[PDB]
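Next up: just one chain, as structure tokens, the form deposited in one PDB entry.
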């Protein structure tokens, strides 16, 4: 199979509007943020602008193909695939996607989407000039799929929190931590999963 055939076969059989799941089984989505920059800290109106690469992975076995005498992976535009309806619950601006809206699909059906995103959040920036610094918390989960349809998990996130971070930013990263949350509301018996990412940073000085 060449790339043309692979893409053709993905278009046949991928339904961008249908979550790729069998009966009650959830689609396991993993998420990791790599921070690139912290851009506009407004000390007066507790708001911050961050740029981050949002590493999102999941499986869709409908997309799989036989990788013998064939490419192991392809780049496919996201409008040809189902993508999880992830949202930053506490964002105060629309995510600006800076990069080409392509995902990598692997022959086993694994999908990797890692857009560079710029987005505004409300965060306490009073301590940004102190040694312990300030913390911006970004809560990401599915907007409409509860835990039996989509689950969301942090990755094992070894690397230098600061590996991708601009050496030219007025700010520096002290720490990045990930907590998982599961929230159940009084209307509805099922839970919504999110990952909360905490960015501890301070002015360089």
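Positions refer to the first chain, counted from 1. What we label the rigid core is the largest C-alpha set whose atoms superpose within 1.5 Å from one form to the other.
One more form of this protein should be noted, the form deposited in another entry, which is absent from this view; the next part is about it.
Trainee: I want to make sure I read this right: if the two forms are fitted on their rigid core, which of 149, 172, 157, 49 has a C-alpha displacement of 2 angstroms or more between this form and the one not shown?
Mentor: Shifted by 2 Å or more: 157 only.
Trainee: So with the core overlaid, does the Cα of residue 189 end up 2 Å or more away between this form and the one not shown?
Mentor: Indeed, residue 189 is displaced by 2 Å or more.
Trainee: Since the Cα separation of residue 185 and residue 91 moves by 3 Å or more in the other form, tell me which way: closer or farther than here.
Mentor: Residues separate in the other form, at least 3 Å farther apart.
Trainee: At a change of 3 Å or more, would you call the C-alpha separation of residue 158 and residue 121 in the other form closer or farther than in the form supplied?
Mentor: Relative to the shown form, the pair is closer.
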